[PDB]
Every structure is written in C-alpha cells, then in structure tokens.
$ cat model26.txt   # compact mmCIF, C-alpha atoms
# COMPACT_ATOMS: atom_id res chain seq x y z
CA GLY L 209 144.64 229.14 16.39
CA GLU L 210 142.25 231.84 15.19
CA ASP L 211 140.32 229.23 13.19
CA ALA L 212 139.60 227.18 16.33
CA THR L 213 137.83 229.79 18.44
CA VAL L 214 134.61 228.66 20.08
CA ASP L 215 132.33 230.80 17.90
CA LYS L 216 133.67 228.92 14.85
CA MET L 217 132.41 225.55 16.10
CA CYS L 218 129.00 224.00 15.53
CA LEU L 219 127.77 223.19 19.05
CA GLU L 220 124.12 224.09 18.47
CA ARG L 221 122.71 220.77 19.68
CA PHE L 222 124.83 220.81 22.83
CA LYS L 223 123.84 224.42 23.57
CA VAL L 224 120.14 223.49 23.53
CA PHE L 225 120.98 220.77 26.06
CA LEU L 226 122.79 223.36 28.20
CA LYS L 227 119.74 225.63 28.11
CA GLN L 228 117.48 222.79 29.28
CA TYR L 229 120.04 221.65 31.85
CA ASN L 230 120.32 225.10 33.43
CA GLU L 231 116.53 225.41 33.66
CA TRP L 232 116.36 222.04 35.42
CA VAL L 233 119.18 222.98 37.81
CA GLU L 234 117.55 226.22 38.95
CA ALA L 235 114.21 224.48 39.61
CA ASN L 236 115.49 221.33 41.34
CA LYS L 237 118.61 222.40 43.24
CA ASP L 238 116.87 223.03 46.57
CA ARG L 239 114.67 219.92 46.40
CA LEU L 240 117.70 217.71 45.72
CA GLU L 241 119.58 219.12 48.71
CA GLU L 242 116.52 218.61 50.92
CA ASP L 243 116.28 214.97 49.83
CA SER L 244 119.97 214.48 50.63
CA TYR L 245 119.38 215.58 54.23
CA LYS L 246 116.22 213.48 54.54
CA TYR L 247 117.87 210.27 53.31
CA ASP L 248 121.61 210.53 54.08
CA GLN L 249 122.41 211.30 57.72
CA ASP L 250 126.17 211.80 57.32
CA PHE L 251 128.27 212.88 54.39
CA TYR L 252 130.51 210.31 52.70
CA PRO L 253 132.35 210.29 49.36
CA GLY L 254 129.75 209.54 46.72
CA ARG L 255 127.00 211.40 48.59
CA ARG L 256 125.66 214.78 47.56
CA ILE L 257 127.84 217.71 48.62
CA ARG L 258 125.64 219.95 50.76
CA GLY L 259 125.71 222.68 53.38
CA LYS L 260 128.71 225.00 53.41
CA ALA O 231 122.01 233.54 108.35
CA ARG O 232 124.63 233.77 105.59
CA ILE O 233 122.80 231.50 103.12
CA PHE O 234 119.04 231.57 102.54
CA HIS O 235 117.84 228.32 100.96
CA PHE O 236 114.47 227.50 99.41
CA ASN O 237 112.91 225.21 96.80
CA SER O 238 110.39 225.80 94.03
CA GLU O 239 107.66 224.03 96.02
CA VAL O 240 106.93 227.38 97.70
CA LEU O 241 105.97 228.76 94.26
CA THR O 242 102.93 226.44 94.17
CA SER O 243 101.38 228.33 97.13
CA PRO O 244 100.07 231.92 96.75
CA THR O 245 100.71 232.63 100.43
CA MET O 246 104.26 231.27 100.52
CA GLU O 247 105.28 233.06 97.32
CA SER O 248 104.45 236.47 98.80
CA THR O 249 106.14 235.51 102.08
CA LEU O 250 109.18 234.18 100.20
CA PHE O 251 110.00 237.50 98.54
CA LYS O 252 109.82 239.37 101.84
CA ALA O 253 112.25 236.84 103.32
CA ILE O 254 114.63 237.31 100.37
CA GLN O 255 114.47 241.10 100.77
CA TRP O 256 115.42 240.81 104.44
CA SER O 257 118.22 238.32 103.77
CA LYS O 258 119.77 240.46 101.03
CA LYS O 259 119.57 243.57 103.23
CA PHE O 260 121.66 241.68 105.81
CA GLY O 261 124.15 240.39 103.24
CA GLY O 262 122.91 236.82 102.98
CA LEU O 263 123.34 234.77 99.83
CA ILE O 264 120.25 233.29 98.19
CA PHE O 265 120.34 229.57 97.34
CA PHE O 266 117.64 228.39 94.92
CA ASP O 267 117.45 224.59 94.87
CA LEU O 268 114.88 224.06 92.11
CA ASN O 269 113.50 220.53 92.77
CA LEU O 270 110.50 220.99 90.49
CA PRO O 271 107.29 219.43 91.86
CA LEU O 272 104.88 217.47 89.69
CA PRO O 273 102.77 220.41 88.36
CA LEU O 274 105.79 222.41 87.18
CA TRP O 275 106.79 219.68 84.71
CA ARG O 276 103.73 220.28 82.51
CA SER O 277 105.17 222.85 80.10
CA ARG O 278 108.46 224.70 79.70
CA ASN O 279 106.93 228.11 79.03
CA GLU O 280 104.59 228.14 82.03
CA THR O 281 107.36 226.96 84.36
CA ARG O 282 109.89 229.49 83.04
CA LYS O 283 107.43 232.31 83.71
CA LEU O 284 106.59 230.91 87.15
CA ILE O 285 110.21 230.61 88.35
CA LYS O 286 111.68 233.65 86.57
CA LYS O 287 111.28 236.04 89.50
CA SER O 288 112.80 233.65 92.05
CA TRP O 289 115.50 232.64 89.54
CA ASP O 290 116.58 236.28 89.21
CA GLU O 291 116.85 236.74 92.99
CA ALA O 292 119.19 233.77 93.49
CA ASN O 293 122.96 233.97 93.90
CA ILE O 294 123.45 230.18 93.90
CA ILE O 295 121.32 227.75 91.87
CA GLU O 296 121.34 223.95 91.89
CA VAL O 297 119.42 222.09 89.18
CA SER O 298 119.44 218.53 87.96
CA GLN O 299 120.42 217.67 84.40
CA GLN O 300 116.78 216.79 83.68
CA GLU O 301 115.54 220.12 85.07
CA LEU O 302 118.10 222.12 83.07
CA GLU O 303 117.31 220.36 79.79
CA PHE O 304 113.57 220.75 80.43
CA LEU O 305 113.98 224.49 81.03
CA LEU O 306 116.02 225.03 77.84
CA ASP O 307 114.90 222.43 75.26
CA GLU O 308 114.12 218.83 76.16
CA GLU O 309 113.94 217.41 72.63
CA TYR O 310 117.18 218.96 71.33
CA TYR O 311 119.29 217.30 74.02
CA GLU O 312 117.48 213.96 73.69
CA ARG O 313 118.17 214.02 69.95
CA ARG O 314 121.78 214.96 70.72
CA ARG O 315 122.18 211.94 73.02
CA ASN O 316 120.65 209.55 70.47
CA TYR O 317 122.90 210.56 67.56
CA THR O 318 125.23 207.88 66.18
CA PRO O 319 127.66 208.49 63.29
CA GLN O 320 126.76 206.49 60.21
CA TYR O 321 130.20 205.34 59.00
CA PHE O 322 132.94 205.97 61.57
CA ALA O 323 133.43 207.73 64.88
CA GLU O 324 134.86 211.24 64.99
CA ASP O 325 137.42 210.15 67.59
CA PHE O 326 138.57 207.01 69.36
CA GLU O 327 136.52 207.74 72.49
CA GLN O 328 133.27 207.81 70.50
CA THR O 329 133.87 204.16 69.56
CA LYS O 330 133.61 202.97 73.17
CA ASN O 331 129.85 203.73 73.30
CA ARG O 332 130.19 205.19 76.79
CA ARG O 333 127.52 206.95 78.83
CA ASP O 334 126.80 210.54 77.82
CA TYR O 335 128.13 213.16 80.25
CA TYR O 336 127.58 216.19 78.03
CA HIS O 337 128.92 219.42 79.51
CA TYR O 338 126.69 222.33 78.53
CA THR O 339 128.53 225.32 77.15
CA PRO O 340 128.09 228.70 78.88
CA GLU O 341 126.44 229.94 75.67
CA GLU O 342 123.74 227.27 75.93
CA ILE O 343 123.22 228.33 79.57
CA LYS O 344 123.07 232.03 78.63
CA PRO O 345 119.22 232.33 78.63
CA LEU O 346 119.32 231.43 82.34
CA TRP O 347 122.29 233.59 83.37
CA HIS O 348 121.84 236.91 85.14
CA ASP O 349 124.00 239.54 86.82
CA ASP O 350 123.76 238.46 90.47
CA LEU O 351 124.35 234.74 89.82
CA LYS O 352 127.63 233.56 91.38
CA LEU O 353 127.46 229.79 90.95
CA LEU O 354 125.27 227.45 88.92
CA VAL O 355 125.58 223.72 89.65
CA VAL O 356 124.02 221.10 87.38
CA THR O 357 123.93 217.64 88.95
CA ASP O 358 123.87 214.37 87.01
CA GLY O 359 123.16 212.47 90.18
CA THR O 360 126.47 212.04 91.96
CA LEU O 361 128.14 211.08 88.67
CA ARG O 362 128.82 214.62 87.41
CA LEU O 363 128.69 218.08 88.96
CA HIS O 364 128.80 220.75 86.25
CA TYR O 365 129.60 224.15 87.74
CA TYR O 366 129.31 227.59 86.15
CA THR O 367 130.66 230.93 87.37
CA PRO O 368 130.91 234.32 85.67
CA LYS O 369 134.64 233.67 85.12
CA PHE O 370 134.95 229.92 84.46
CA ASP O 371 133.12 226.61 84.12
CA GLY O 372 133.89 222.92 84.36
CA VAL O 373 132.79 219.53 85.63
CA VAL O 374 133.65 217.45 88.69
CA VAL O 375 133.73 213.71 88.02
CA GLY O 376 131.98 211.64 90.66
CA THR O 377 130.69 208.09 91.03
CA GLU O 378 127.99 206.01 92.66
CA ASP O 379 127.77 202.52 94.14
CA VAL O 380 124.34 201.38 95.28
CA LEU O 381 125.04 197.81 94.10
CA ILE O 382 127.57 197.53 96.92
CA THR O 383 124.55 197.21 99.26
CA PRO O 384 121.57 196.01 97.20
CA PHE O 385 119.22 195.55 100.17
CA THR O 386 119.75 198.87 101.97
CA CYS O 387 120.28 201.21 99.01
CA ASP O 388 117.78 204.06 98.71
CA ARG O 389 118.49 207.15 96.61
CA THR O 390 115.90 209.35 98.36
CA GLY O 391 117.53 212.34 100.02
CA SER O 392 120.87 212.06 98.22
CA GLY O 393 120.10 215.27 96.35
CA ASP O 394 119.69 217.06 99.68
CA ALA O 395 123.02 215.73 100.96
CA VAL O 396 124.81 217.10 97.88
CA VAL O 397 123.23 220.54 98.37
CA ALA O 398 124.04 220.47 102.09
CA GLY O 399 127.64 219.56 101.26
CA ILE O 400 127.89 222.51 98.87
CA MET O 401 126.50 224.83 101.55
CA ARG O 402 128.88 223.42 104.17
CA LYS O 403 131.91 224.25 102.03
CA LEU O 404 130.64 227.57 100.64
CA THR O 405 130.26 229.12 104.10
CA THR O 406 133.69 227.98 105.33
CA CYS O 407 135.65 228.30 102.05
CA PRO O 408 134.55 231.55 100.39
CA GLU O 409 137.38 231.35 97.82
CA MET O 410 135.30 228.64 96.09
CA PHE O 411 133.55 231.39 94.13
CA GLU O 412 136.78 232.73 92.59
CA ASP O 413 139.26 229.81 92.53
CA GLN O 414 138.51 226.96 90.13
CA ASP O 415 140.91 224.42 91.63
CA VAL O 416 139.61 225.15 95.14
CA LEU O 417 136.01 224.86 93.94
CA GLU O 418 136.59 221.44 92.37
CA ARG O 419 138.27 220.05 95.49
CA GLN O 420 135.47 221.30 97.74
CA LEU O 421 132.77 219.95 95.42
CA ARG O 422 134.26 216.45 95.72
CA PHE O 423 133.20 216.63 99.37
CA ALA O 424 129.61 217.14 98.20
CA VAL O 425 129.95 214.15 95.86
CA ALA O 426 131.04 211.91 98.74
CA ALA O 427 128.11 213.02 100.90
CA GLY O 428 125.68 212.13 98.12
CA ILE O 429 127.24 208.69 97.72
CA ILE O 430 126.92 207.76 101.40
CA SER O 431 123.35 209.06 101.54
CA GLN O 432 122.30 206.43 98.97
CA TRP O 433 123.38 203.53 101.21
CA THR O 434 120.51 203.71 103.74
CA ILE O 435 116.73 203.39 103.61
CA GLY O 436 115.22 206.77 104.47
CA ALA O 437 116.63 210.23 103.82
CA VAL O 438 117.04 211.52 107.38
CA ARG O 439 118.14 208.13 108.72
CA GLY O 440 120.99 207.92 106.21
CA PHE O 441 122.43 211.46 106.14
CA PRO O 442 126.21 211.22 106.72
CA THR O 443 128.46 212.94 109.23
CA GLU O 444 131.43 215.12 108.29
CA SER O 445 134.12 212.61 109.24
CA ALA O 446 132.44 209.80 107.30
CA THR O 447 132.16 212.07 104.24
CA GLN O 448 135.80 213.16 104.52
CA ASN O 449 136.88 209.53 104.92
CA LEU O 450 135.03 208.40 101.80
CA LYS O 451 136.39 211.32 99.77
CA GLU O 452 139.97 210.33 100.61
CA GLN O 453 139.27 206.66 99.88
CA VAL O 454 137.66 207.30 96.49
CA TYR O 455 139.93 210.01 95.08
CA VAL O 456 143.69 209.81 94.57
CA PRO O 457 145.56 212.02 97.07
CA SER O 458 146.35 214.72 94.49
CA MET O 459 142.61 215.38 94.09
CA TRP O 460 141.83 215.89 97.80

$ encode --input "model26.txt" --output "structure tokens"
Amino acid sequence: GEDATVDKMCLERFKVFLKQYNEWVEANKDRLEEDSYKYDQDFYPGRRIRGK
Amino acid sequence: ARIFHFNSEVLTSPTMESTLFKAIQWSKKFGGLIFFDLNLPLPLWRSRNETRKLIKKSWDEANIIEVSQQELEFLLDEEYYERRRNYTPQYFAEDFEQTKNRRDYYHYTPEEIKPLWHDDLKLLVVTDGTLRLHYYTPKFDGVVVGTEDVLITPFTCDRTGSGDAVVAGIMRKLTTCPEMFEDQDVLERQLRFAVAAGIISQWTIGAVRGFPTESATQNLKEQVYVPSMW
C-alpha cells in the first residue's frame, strides 16, 4: 500500500544505469537506424523496427 | 492537314528548328493537331537536363506525344526506374504474381508523368516495343497489352521501322475515330490496330519494304486477339 510507493524503494543503482542508458539512446538512435537500412533490405520479425 | 508530325531530329539543326515553329504556328491556326514523335538521336542522350531544355519548347506545342519506355525513363530519372526493376524481396513475395519472376511491364502513374504534362496535351503514348502501349489522357490512363513474334521468321525478322508503323497506325485511327480521345474502351480497341501493324513490320528486312497494308493489319489483329477485344 502506502509503504510500497516507488519513492520508498532503494533503486539508486538502477537509476544510474537509466541515466547512462538514456544518454546512450539519444546519441546512437539515428546511427542505429541508419545501419539497419544499410544492412537489412526488408523488415522481418527480429529486425530493427524503423521508419513509420 | 489535320495532324502535323515531326521528330526531335529537327531540333539538332538551327535552321530546321526556326522553320519548325513557323510550321506549327500555321498548323494550329488551321486547326491541325501536333504530333511529337520524340525518337531521340544520338546527341540528345548525353544528359537529361540538356535534353529537357532542348525539347521543352516543342514538347509544350504538341497535342499528341509518342515516346519509348527508355526515352520516358531517361527524361524523368533513369537510375530510379532501373533500381525499381532490379528490386527483389528478401524473404517472400508481396503477392503470388511476384513469385513468377515475370518480365517487368511497369505502368507509370500519372503523378510520375506530371513533370511532362501540360494543358494542351491530349494523348501521351509510351511504347514498350509492341509489348505494351501505355496511354495517358487528361481524364484517364491505362495500358494496352500487345505481343511480338520475330522468332516465327528468324531469317527475315528486322525490327527497324516497326516504331514508325505503330505511330502511323495511331495516326490512321486518330483521324478516322476522333472519339479515341474521350472514350477509353474505344481508344484501347483502336490502339490494338497499331500493335498489329508494329508486329507485321518486324517480319521483313527493311523498313519501307515491310510496312503492312490495312487489310493485313486488320487480319492479324483479329487472329491475335479474342473477338471481344476487337
């Protein structure tokens, strides 16, 4: 209940991972999509979701 | 004259180009239709941009235009359509017909053709030999399916002049069947006559020597096509 709200939990080590993960995502998102188009001609389940 | 016909070879001569536009002025004043049969000579294949500038004035004066598939793709974008033809799906075909690996008879959309369309243009015909005749009007568009058989006579076959027989067949039907411009079903039936003339023209060595008569063309059309398509 009120004792299990998120602010009550110790997730400090996972939050530092989230901060690093978000920085990596913003800096590599476009490059990863460009590589998907360069290497994979057609989409297929298991490939990177791209485009619209 | 009700149809004034000329090729782009006259654009390679400074004298003929000036004379050509006086002839067009006279023909239009008397109600004639202008037929531009492109037939690009060797110099005009060098670059798309130079050729488009060179033919633009004569293109805009024409009411009827005939181009080959190669000429049309060269005038718009040669590499885009070559890439389009060479595409193969990686995993599976998008439909059953794509599995048969058949020859490409791509029908250009009127939006792809839009850079070349103008107000006075009544009919654009794009010829893939005698195999396909893509036609475009302000109101509609479509394709006439044709055929060819030069392997029926391997030692007398000669394709030279078959493009002229197709154009002559179009002109023969346009003058006598003016509803071709406005009726799609009528246009397709009359264009099959032009297909037949092109086919016969490929069965003889020499263009002039092998040009077919009307009754021979009409006979071949009825032999090739089922009666409902006549």

$ residues_around --input "model26.txt" --residues "residue 356 of chain O" --least-positions-apart "6" --cutoff "8 Å" --atoms "only C-alpha atoms" --output "list in words"
residues 296, 297, 298, 299, 302, 363, 364 and 365 of chain O

$ interface_residues --input "model26.txt" --of "chain O" --to "chain L" --cutoff "12 Å" --atoms "only C-alpha atoms" --output "list in words"
residues 317, 318, 319, 320, 321, 322, 323 and 324 of chain O

$ residues_near_point --input "model26.txt" --point "(134.6, 228.2, 84.5)" --cutoff "10 Å" --atoms "all atoms listed in the file" --output "PyMOL selection string"
chain O and resi 339-340+353+364-373+412-414

$ atom_distance --input "model26.txt" --atom1 "atom CA of residue 315 of chain O" --atom2 "atom CA of residue 268 of chain O"
23.8 Å

$ atom_distance --input "model26.txt" --atom1 "atom CA of residue 259 of chain O" --atom2 "atom CA of residue 291 of chain O"
12.6 Å

$ residues_around --input "model26.txt" --residues "residue 241 of chain L" --least-positions-apart "2" --cutoff "10 Å" --atoms "all atoms listed in the file" --output "list in words"
residues 236, 237, 238, 239, 243, 244, 245, 246, 256, 257, 258 and 259 of chain L

$ atom_distance --input "model26.txt" --atom1 "atom CA of residue 252 of chain O" --atom2 "atom CA of residue 284 of chain O"
17.3 Å

$ closest_residue --input "model26.txt" --among "O:244, O:285, O:294, O:231" --to "residue 260 of chain O" --atoms "only C-alpha atoms"
O:231

$ residues_near_point --input "model26.txt" --point "(121.9, 229.1, 89.9)" --cutoff "7 Å" --atoms "only C-alpha atoms" --output "MDAnalysis selection string"
chainID O and resid 266 292:296 351 353:355

$ write_last_selection --input "model26.txt" --atoms "C-alpha atoms" --output "compact mmCIF listing (two decimals), in the coordinates of the input"
# COMPACT_ATOMS: atom_id res chain seq x y z
CA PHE O 266 117.64 228.39 94.92
CA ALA O 292 119.19 233.77 93.49
CA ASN O 293 122.96 233.97 93.90
CA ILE O 294 123.45 230.18 93.90
CA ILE O 295 121.32 227.75 91.87
CA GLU O 296 121.34 223.95 91.89
CA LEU O 351 124.35 234.74 89.82
CA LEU O 353 127.46 229.79 90.95
CA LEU O 354 125.27 227.45 88.92
CA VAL O 355 125.58 223.72 89.65

$ residues_around --input "model26.txt" --residues "residue 432 of chain O" --least-positions-apart "5" --cutoff "8 Å" --atoms "all atoms listed in the file" --output "mmCIF file with C-alpha atoms, keeping the file's coordinate frame"
data_model
loop_
_atom_site.group_PDB
_atom_site.id
_atom_site.type_symbol
_atom_site.label_atom_id
_atom_site.label_comp_id
_atom_site.auth_asym_id
_atom_site.auth_seq_id
_atom_site.Cartn_x
_atom_site.Cartn_y
_atom_site.Cartn_z
ATOM 1 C CA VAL O 380 124.340 201.380 95.280
ATOM 2 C CA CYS O 387 120.280 201.210 99.010
ATOM 3 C CA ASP O 388 117.780 204.060 98.710
ATOM 4 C CA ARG O 389 118.490 207.150 96.610
ATOM 5 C CA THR O 390 115.900 209.350 98.360
ATOM 6 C CA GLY O 391 117.530 212.340 100.020
ATOM 7 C CA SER O 392 120.870 212.060 98.220
ATOM 8 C CA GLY O 440 120.990 207.920 106.210
#

$ axis_aligned_box --input "model26.txt" --around "segment 384-395 of chain O" --padding-each-side "5 Å" --output "AutoDock Vina command-line options"
--center_x 119.5 --center_y 206.3 --center_z 99.2 --size_x 17.1 --size_y 31.5 --size_z 15.6
